[PDB]
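First the structure, in the form of structure tokens, and then the observations on it.
First the proteins, then the strands, lettered A, B, ... as listed; each starts at 1. Reckoned from all heavy atoms, side chains included, excluding hydrogens, waters and symmetry mates.
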Amino acid sequence: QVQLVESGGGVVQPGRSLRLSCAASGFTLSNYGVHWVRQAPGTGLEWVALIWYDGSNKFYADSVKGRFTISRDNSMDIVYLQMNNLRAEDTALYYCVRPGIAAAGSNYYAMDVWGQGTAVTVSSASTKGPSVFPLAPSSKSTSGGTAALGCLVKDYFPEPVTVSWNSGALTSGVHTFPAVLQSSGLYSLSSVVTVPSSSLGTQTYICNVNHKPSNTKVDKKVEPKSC
Amino acid sequence: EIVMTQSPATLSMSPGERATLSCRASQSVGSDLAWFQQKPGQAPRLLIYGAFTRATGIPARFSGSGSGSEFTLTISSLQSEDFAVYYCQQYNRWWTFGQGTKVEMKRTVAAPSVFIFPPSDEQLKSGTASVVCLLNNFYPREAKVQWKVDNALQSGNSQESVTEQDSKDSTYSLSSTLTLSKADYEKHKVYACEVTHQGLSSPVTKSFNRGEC
Amino acid sequence: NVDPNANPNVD
């Protein structure tokens, strides 16, 4: 049914500018004030700004006042969030949000329609494909038990990378961890799988790593280390 | 600003049970209080507004109550679709959110299996060394990982990552990755990861000596 | 004075 549709996110260098936009589907956006609410990786929700239906009143969170500017074009029916002098702490998913519904007896309106969010990544890093290193099953793996192995996907930018095992033939016991941002500004993740120790001599395990922003595609065989 | 405080941080529930979520405000917000559901990768969805009014399309098992600075979200007869993070928000004085309550699936304890991975020879050629500790399929979520290098406690040079709760056995898995320079890695012998978890009678240490098979 | 929390929509 009714949706909000945003665009404009991406990777931007610290101190630079970026303009987001928001449009409505199934209703006229200019009939409503419009909010922006952001969510940084791993944390909660933070209100950013509000613009009156007619573009008169504009309001900003203290954290962005003087750096962000909100505007709207009620001919095209589009709301803009102009973000200047961006900093690492402005990295977040940015939601366009409608205050569309009010409780009985109230003139205060709750946020009933949220866009999908456009991602803003403030960073000085350049596109870089990962290195893929094996996480080799231990030589002391339990004889009649379970062994673990994996692939370390280190030093890439931007997100995401994907990982599969044996071209999709191995799915049970796989855990592909969310990436972490390293202090270098590059991401890193591991994908692991637990398998019968008895299979280590006979079954081949390959992790298929894809990092499409850098056109990097790697199949890495993981096996017990010879020593 | 008006500070919104939610409790507990995590609520562990079984389908069919009643979930009770608390939201406190640092000052009265009247009834201008909303509740949101959020699932990974998805935008928040409005559940309740005006403290007690259910939004259109929301099932009746969700209800809000309270007034002033004290509010409660009740999920009756919880269903598997309801495992999510729930935020409250006051919209009386600007717009501020609580930090969320995660409603997760309750189950019996499962101790992690623990594995340690030395840096690969291929990685050592590049100048850096990653040591990885894996905690596989455990419950509850609380887990402590401690790195020691020749009995020196490592602090600040590891990063952890945790999976979303498993849809099939409701467990968690976790990796901890210790980063050292190649030069530091080759200055030390004993690399050890100690895991504390309530399913383990005493902490489990997995370790290796650099150079041994 | 303006109440920033009041109805920002058309009416």
Side-chain angles (χ1 to χ4, degrees), chain A residues 3-25 29 33-51 58-73 76 78-99 111 113-128 156-162 178-189 211-214, chain B residues 36 38-45 85 87 89 94-97 99-100:
Chain A
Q3 305 174 75
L4 284 172
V5 181
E6 329 163 7
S7 42
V11 169
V12 49
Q13 298 183 280
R16 298 251 220 183
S17 294
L18 197 67
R19 196 231 274 169
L20 311 183
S21 74
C22 170
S25 173
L29 191 60
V34 174
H35 293 268
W36 292 85
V37 177
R38 70 185 180 182
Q39 185 164 32
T43 55
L45 302 166
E46 177 182 21
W47 172 77
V48 175
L50 162 69
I51 186 167
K58 313 172 181 63
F59 297 105
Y60 307 90
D62 284 342
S63 50
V64 311
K65 215 178 298 178
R67 296 184 304 118
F68 288 13
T69 300
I70 195 172
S71 62
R72 63 196 304 160
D73 178 348
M76 310 185 73
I78 298 179
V79 170
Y80 303 102
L81 181 62
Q82 176 69 42
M83 304 162 62
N84 303 314
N85 201 327
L86 286 162
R87 300 194 286 254
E89 57 265 34
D90 303 309
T91 293
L93 193 68
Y94 283 74
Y95 299 107
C96 188
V97 186
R98 184 184 82 171
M111 296 175 180
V113 185
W114 297 61
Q116 77 279 14
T118 184
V120 174
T121 300
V122 188
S123 169
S124 303
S126 291
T127 303
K128 178 182 173 308
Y156 62 93
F157 188 88
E159 296 205 85
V161 307
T162 59
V180 303
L181 179 64
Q182 303 164 107
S183 47
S184 61
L186 304 172
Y187 296 88
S188 176
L189 68 72
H211 181 247
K212 294 179 175 175
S214 69
Chain B
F36 299 89
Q38 189 180 40
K39 298 181 184 183
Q42 298 184 24
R45 169 162 184 77
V85 175
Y87 294 99
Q89 177 216 42
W94 307 107
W95 296 268
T96 63
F97 299 81
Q99 288 328 101

Verdict with reasoning, A/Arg72 to A/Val34, per side chain to side chain contact (heavy atoms under 4.5 Å, CB included): CA-CA 9 Å; A/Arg72 63 196 304 160; A/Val34 174; 3.8 Å; yes

Side chain to side chain contact (heavy atoms under 4.5 Å, CB included) evaluation trace for A/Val97 with A/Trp47: CA-CA 10 Å; A/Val97 186; A/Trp47 172 77; over 6 Å; no

Minimum heavy-atom distance between A/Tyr60 and A/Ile70, given as atom pair plus value: OH-N, 3.0 Å

Selection residues 37-51 of chain A - residue pairs positive for salt bridge (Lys or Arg N to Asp or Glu O under 4.0 Å), sequence neighbours left out: A/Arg38-A/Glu46, A/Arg38-A/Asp90

Any A/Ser17 side-chain heavy atom under 4.5 Å of A/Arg67 side chain: no

A/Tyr94 and A/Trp36 aromatic centres sub-6.0 Å: no

Of all pairs that satisfy salt bridge (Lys or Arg N to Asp or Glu O under 4.0 Å), the ones with a partner from residues 80-89 of chain A, not counting sequence neighbours: A/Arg87-A/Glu89

Nearest heavy atoms of B/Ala43 and A/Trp114, plus distance in Å: CB-CB, 4.0 Å

Could you give the side-chain donor-acceptor pairs of residues 117-125 of chain A under 3.5 Å, partners two or more places apart or in another chain?
residue  : atom : partner  : partner atom : Å
A/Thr118 : OG1  : A/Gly9   : N            : 2.9
A/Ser123 : OG   : A/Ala125 : N            : 3.0

Min side-chain heavy-atom separation A/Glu6-A/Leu20 under 4.5 Å: no

Closest approach of A/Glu159 to A/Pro213 (non-hydrogen atoms, all atoms of both residues): O-CG, 4.3 Å

Option among A/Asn85, A/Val48, A/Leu81, A/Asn84 that satisfies the side-chain contact (heavy atoms from CB on, under 4.5 Å) test with A/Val64: A/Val48

Full working for side chain to side chain contact (heavy atoms under 4.5 Å, CB included) between B/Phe36 and A/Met111: CA-CA 9 Å; B/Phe36 299 89; A/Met111 296 175 180; 4.2 Å; yes

B/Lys39 atom NZ, over 12 foreign heavy atoms within 6.0 Å: yes

Any A/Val37 side-chain heavy atom under 4.5 Å of B/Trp95 side chain: no

Heavy-atom pair of closest approach, residues A/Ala24 and A/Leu29: CB-CB, 3.8 Å

Gap separating the CE atom of A/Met83 from the OG1 atom of A/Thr69, nearest 0.5 angstrom: 11.0 Å

Flag side-chain contact, heavy atom, 4.5 Å: A/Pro99 against A/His35: yes

Taking every non-hydrogen atom, the tightest pair across A/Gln3 and A/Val113: C-CG1, 4.2 Å

Separation of A/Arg19 CZ from A/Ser7 OG (nearest 0.5 Å): 9.5 Å

Between CD on residue A/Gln182 and OH on residue A/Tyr187, distance to nearest 0.5 Å: 10.5 Å

Any side-chain donor near an acceptor of the partner, A/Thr127 and A/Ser214, under 3.5 Å: no

Closest non-hydrogen atom pair, A/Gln116 against A/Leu4: OE1-O, 3.3 Å

